[PDB]
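[1] can you look at this? It's an experimental structure, sequence on top.
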Amino acid sequence: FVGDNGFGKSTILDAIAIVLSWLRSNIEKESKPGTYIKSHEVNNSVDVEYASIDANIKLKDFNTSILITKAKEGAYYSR
Amino acid sequence: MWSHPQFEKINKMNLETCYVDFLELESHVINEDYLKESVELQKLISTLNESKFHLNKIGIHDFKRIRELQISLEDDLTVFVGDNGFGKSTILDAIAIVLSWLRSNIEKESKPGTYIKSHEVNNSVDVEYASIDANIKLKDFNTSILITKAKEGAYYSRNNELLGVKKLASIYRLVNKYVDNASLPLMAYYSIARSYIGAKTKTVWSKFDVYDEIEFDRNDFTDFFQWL
Amino acid sequence: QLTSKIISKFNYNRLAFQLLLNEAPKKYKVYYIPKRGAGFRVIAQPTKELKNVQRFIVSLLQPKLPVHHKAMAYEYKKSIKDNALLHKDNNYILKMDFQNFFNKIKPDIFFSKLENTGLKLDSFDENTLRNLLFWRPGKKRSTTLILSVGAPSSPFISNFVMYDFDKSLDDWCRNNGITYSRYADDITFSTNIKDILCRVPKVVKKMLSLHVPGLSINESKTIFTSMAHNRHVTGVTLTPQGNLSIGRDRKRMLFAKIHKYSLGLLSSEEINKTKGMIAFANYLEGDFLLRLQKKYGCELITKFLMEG
Amino acid sequence: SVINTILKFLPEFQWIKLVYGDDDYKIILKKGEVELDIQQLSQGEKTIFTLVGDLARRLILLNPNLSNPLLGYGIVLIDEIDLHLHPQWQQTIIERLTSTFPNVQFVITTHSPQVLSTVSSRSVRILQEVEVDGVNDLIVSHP
Amino acid sequence: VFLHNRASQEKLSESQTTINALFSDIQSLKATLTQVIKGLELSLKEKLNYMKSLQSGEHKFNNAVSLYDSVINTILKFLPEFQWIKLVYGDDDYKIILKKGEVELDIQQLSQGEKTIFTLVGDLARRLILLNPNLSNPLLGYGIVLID
RNA sequence: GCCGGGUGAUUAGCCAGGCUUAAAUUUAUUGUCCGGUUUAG
Ligand SMILES: Nc1ncnc2c1ncn2[C@@H]1O[C@H](COP(=O)(O)OP(=O)(O)OP(=O)(O)O)[C@@H](O)[C@H]1O
């Protein structure tokens, strides 16, 4: 990844780090919790309600997908 | 907390009917300007604003010392008088317990509140469970709630009734969605632990920080200083 | 012998009946129905092939199981009006109801009660009965059976089950001058004596624990009322004079509907809508049609009645 | 408004100020003719300071649109209102609490007869112990 | 707890050669040590201290049971409502049981009113019984107490 | 005394306009396509 900008290329790596943590937890024990998205990481714009991250893992021809989402406080709908 | 085809029934001006009418209307229109300027929203807001929060009555069965008892509370001021060991605190913790589920359901729906501890049920031989019931009246709208726990060692189940609180909380969240600076009710509890009173440089303040806990203890004093 | 009669009537071979016996507790459909207000309700209903063998079983078992005479639900020649006629001349009224009444009835208590009546049945009869009248929610390893509602055989079983409770509570309430009556999972008491209705909540709880284990009282639906406020019993209002009534709001509902009909401004759907309500009100009161004729005239009412 | 609200319950003080020190902030009072610090107050004044300050902060935070935020709705529960308070302050705490926040429901438990001398008869419930039918139980009686 | 164990072992006997048994236990501890080290040494010293019961050997008029009864009746003097107080052993632990009316209560279930009195009186009599090990009635020493 | 309930009559009529009557602090109307009750083709 190449370029300079205010958002910072580091944050993308953080997103991947969150996803892999869930995979590790389930290996240690069944249905063990992973790492959640804290409320202060959601965007502060007035037209947002929730944040999400989508990832996919390929193993030969075996495909898996994971979605992680969190909604702001006081939202009408939960995710 | 869902939609309906608005069964006609008979003419009425209940808050629930306005809530259902708005829910039915919003399922068709897509433009937000029309929704934000519709007359149904104005009716819902005016009805919610003029209504006054007021807890109506409470009943206790088999909880701590009290065996069976019902109270009615005035809308402005009530005082309990008694000696030591007469369950003056028990009523206050019962009310805090029932109010915690309403506090929880406003932050995010389907979120649990406070349960009954296993050592609160009565110590007599013939008891099997304990329960608490309450009722909240918004002028002409009535809700009720029951919380119960079975004694350890028994093999018969009991559940809770949480339709009323979930329905009431959905109205508050829906109004909060379409209004910039909508208000919220105030719930507080000043226990006997005010004696204990004697940072990361927070920069953002909102109305949802006071909903972290119903009781007052420790760091609230610290935050008061930072706020001042 | 019950399996033989079912086989003879429906012409079932050994293999087909064995398969039906094995797969019976899973032929149910779960769906939602809207609520008057806001919310939803959940129902479960069996298939067509199981319903008409449940009705046959009920018709076979009806003349052999006693039922108390104070239960006015799902009974022949009984209705709401006969329920309300008991409390029509008393002052103070108290109402209570249970908590998840239907799904607290299990085959253990059904067979326990059935053994006490003196009716002896073989192992085959017990096996066929257990696998035919009960529902199994959850996975195939649940091994839990409940009655549910929406099945033609549940109401009779529940009425037969609550016989002892009805009998024991009846003679306790009679000795203290209190009237008592039960409709499905609703119980009502009424009397004229002051400060006597504050003692029954502990009595009913003791009776429930003694005579039918498992059941319990929903404590958030207990009501006390007198002649100074609104009084009604299962949907019919009691005027202070002591007469049954439908309510002033519905009377003006119908008077306005008919007046708007006289101008020919009513859709065809509302005619069939209002005709049933008018018939029900006439049955409940007994003089609604006379008042309508005395106000709008027989020619218009007769034309409206014969319409459609 | 916050400062005067706090000063409403402590008539013996003159003003409250916030003074920036070299490395820290300080709250300075003035009692009589001597300036005081928040750590040099008695237990009673500390209790009143914390109670009123917390109530005002909660009300202001919850009602931003109102011109006067002290008129919100809600319910407040207090246990043993007469902690660390002399009888002179015991007689007037109730009417000041009710006058400052007029649209808030209050539930209060007390222990002493001094407060009972200044409450209407329609808002008093008295607990008692009575053995009925061989079982001891608690009852509530209106005056 | 310690005063109760001493009361049971000393006055109510049921201990036989307690000193010899404690010495044998210390000998077994030494044999195990020959066969965490600091903890084992501390336990061995504790066993020797227990074996020193014969060295102490007082069993005087102010025995353990007399002190236990004096403490219990002293506490019960300030709480007229209650009936009796006991120390119950169960689930490999000790707990305090109080009787009020017809219901037995633990210590967690009391109100603040009797919690304050029980704590203050218990600590005051603890210090009086502990700092005057020679008086016939230990609640007769001298001192100064400040209460706010 | 006051307030809150019951309702025959009244009105291009589900609002309103009148006359009666009731009282311990003390109801805020409910689930269909199943079951039984009412009417009808
Ligand atoms: N499980 C229980 N079974 C029976 N009685 C209990 C139980 N738990 C508590 N109690 C009773 O509760 C009483 C104290 O209750 P509570 O603390 O509500 O009263 P209070 O002294 O008026 O309160 P406070 O001083 O905390 O304001 C004790 O005297 C005890 O007998």
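    Done, it's in. Numbers count the residues shown, from 1 in each chain, chains lettered A, B, ... in the order given.
[2] what is the burial count for residue D:86?
    Applying other CB atoms under 10 Å in any protein chain shown, we find 10 residues neighbouring residue D:86. (C-beta placed from N, C-alpha, C; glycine too.)
[3] try residue C:110
    Number of residues near residue C:110 (other CB under 10 Å) recorded here: 19.
[4] swap in residue C:151?
    As a burial measure, residue C:151 scores 20 neighbours (other CB under 10 Å).
[5] in this structure it contacts residue C:47, no?
    No. Using CB atoms under 8 Å as the test, residue C:151 is too far from residue C:47 to be in contact (10.8 Å).
[6] tell me the secondary structure at the residue of the stretch 1-150 of chain C found nearest chain D.
    Going by CB to the nearest CB, chain D is nearest to residue C:94 of the stretch 1-150 of chain C, at 19.2 Å. The assignment at residue C:94 comes out as strand when based on DSSP: H, G, I helix; E, B strand; the rest coil.
[7] just list the residues touching it, thanks.
    Counting by CB atoms under 8 Å, 6 or more residues apart in numbering or on different chains, residue C:94 makes contact with C:188, C:189, C:190, C:197, C:200, C:222, C:223, C:224, C:225.
[8] among the residues you listed, which ones are buried?
    Buried residues within the contacts of residue C:94, counting neighbours by 16 or more other CB atoms under 10 Å in any protein chain shown: C:188, C:189, C:190, C:197, C:200, C:225.
[9] any idea which of the residues you listed is closest to the ligand?
    residue C:200 (25.3 Å; CB to the nearest ligand atom).
[10] pretty sure that closest one contacts residue C:189?
    Yes. Taking contacts as CB under 8 Å, residue C:200 lies within contact range of residue C:189: 6.1 Å.
[11] now list whatever residues contact both of the two.
    Shared contacts of residue C:200 and residue C:189 (CB under 8 Å, 6+ apart): C:94, C:173, C:178.
[12] now the helices for chain A?
    With DSSP state H as the definition, chain A shows helices at residue ranges A:10-28.
[13] find the closest residue to chain C in it.
    Of all residues in chain A, residue A:76 sits closest to chain C, at 14.6 Å by CB to the nearest CB.
[14] so who does that residue touch?
    B:170, B:173, B:174, B:177.
[15] show me which of the residues you listed is closest to residue D:44.
    Residue D:44 lies nearest to residue B:173 out of the contacts of residue A:76, by CB to CB, at 41.4 Å.
[16] residue B:36 versus that closest one, what's the distance?
    To residue B:36, residue B:173 is 17 Å away according to CB to CB, to the nearest Å.
[17] same question, residue C:270
    With distances taken as CB to CB, residue C:270 is found 35 Å from residue B:36.
[18] so for stretch D:88-97, first residue to last residue, what's the gap.
    The first and final residues of stretch D:88-97 sit 15 Å from each other (CA to CA, to the nearest Å).
[19] for that stretch, buried residues please.
    Of the residues in stretch D:88-97, D:89, D:90, D:93, D:94, D:97 count as buried by neighbour count, 16+ other CB under 10 Å.
[20] which of the residues you listed fall within strands?
    Among these, no member falls in strands (criterion: DSSP state E).
[21] out of those, who's nearest residue E:2?
    Checking the buried residues of stretch D:88-97 against residue E:2 with CB to CB, the nearest one is residue D:90 at 45.7 Å.
[22] residues contacting the closest one?
    Residue D:90 neighbours (CB under 8 Å, 6+ apart): D:82, D:112, D:114, D:115.
[23] enumerate the residues of the stretch 1-150 of chain C near RNA strand F.
    C:31, C:33, C:35-37, C:41, C:43, C:45, C:51, C:55, C:73-81, C:91-93, C:95, C:149-150 (CB under 7 Å from any atom of the strand).
[24] what subset of those residues is buried?
    Members of these classed as buried by 16+ other CB under 10 Å are C:45, C:73, C:80, C:91, C:92, C:93, C:95.
[25] grab the nearest non-local neighbour of the fifth one.
    Take residue C:92 and drop its neighbours on the chain: the residue closest to it by CB to CB, 6 or more residues apart in numbering or on different chains is residue C:226, 5.2 Å away.
[26] same question, residue E:103
    Using CB to CB, 6+ apart, the nearest residue to residue E:103 is residue B:123, at 5.3 Å.
[27] how close does the one you found sit to RNA strand F?
    Residue B:123 sits 28 Å away from RNA strand F, going by CB to the nearest atom of the strand, to the nearest Å.
[28] tell me how far that residue lies from residue B:107.
    Separation of residue B:123 from residue B:107 (CB to CB): 36 Å.
[29] go on, residue D:14?
    Residue D:14 is 42 Å from residue B:107, by CB to CB.
[30] test my guess that the residue nearest to residue C:92 contacts residue C:91.
    Yes. The pair residue C:226 and residue C:91 passes the contact test of CB under 8 Å, sitting 6.1 Å apart.
[31] which stretches in chain D count as strands?
    Under DSSP E, chain D gives strands at D:17-20, D:25-31, D:34-37, D:74-79, D:105-109, D:124-132, D:135-141.
[32] any residue of the first one up close to chain B?
    I take that to be strand D:17-20. Yes. Strand D:17-20 reaches chain B (CB under 8 Å from any CB of the partner chain) through residue D:18.
[33] swap in the fifth one?
    Yes. Under the criterion of CB under 8 Å from any CB, chain B is reached by strand D:105-109 at D:105, D:106, D:107, D:108, D:109.
[34] which residues touch that strand?
    Strand D:105-109 is contacted by residues B:53-55, B:73, B:75-80, B:88-89, B:91-92, B:95, D:73-81, D:94, D:97-98 when judged by CB under 8 Å, 6+ apart.
[35] now do 10 Å
    With contact meaning CB atoms under 10 Å, 6 or more residues apart in numbering or on different chains, strand D:105-109 is reached by B:52-55, B:73-82, B:88-89, B:91-92, B:95, B:186, B:189-190, D:73-81, D:93-94, D:97-98, D:115, D:119, D:123, D:127.
[36] and the residue of chain D found nearest chain C, what does it touch?
    Scanning chain D for the residue nearest chain C gives residue D:133, at 8.7 Å (criterion: CB to the nearest CB). For residue D:133, the contacting residues are C:199, C:202, by CB under 10 Å, 6+ apart.
[37] go on, residue D:89?
    Residue D:89 neighbours (CB under 10 Å, 6+ apart): D:9, D:10, D:44, D:48, D:82, D:96, D:114.
[38] likewise for residue C:127?
    Taking CB under 10 Å, 6+ apart as the contact definition, residue C:127 lies against C:3, C:21.
[39] from residue C:3, how far off is it?
    Distance check for residue C:127 against residue C:3: by CB to CB, it reads 9 Å.
[40] what comes up buried for the host helix or strand of residue C:203?
    Per DSSP states H and E, residue C:203 falls inside helix C:200-211. For helix C:200-211, burial by neighbour count (16+ other CB under 10 Å) applies to C:200, C:204, C:205, C:207, C:208, C:211.
[41] which member of those residues is positioned nearest residue E:25?
    Using CB to CB, these come closest to residue E:25 at residue C:205, 56.7 Å.
[42] how many neighbours does the nearest residue in space to residue C:158 that is not next to it in sequence have?
    Of all residues not flanking residue C:158 in the chain, residue C:105 sits nearest, at 6.4 Å (CB to CB, 6+ apart). Neighbours of residue C:105 under the rule other CB under 10 Å: 22.
[43] residue contacts, residue A:72?
    Applying CB under 10 Å, 6+ apart to residue A:72 gives the contacts A:39, A:42, A:43, A:44, A:48, A:49, A:50, A:51, B:108, B:208.
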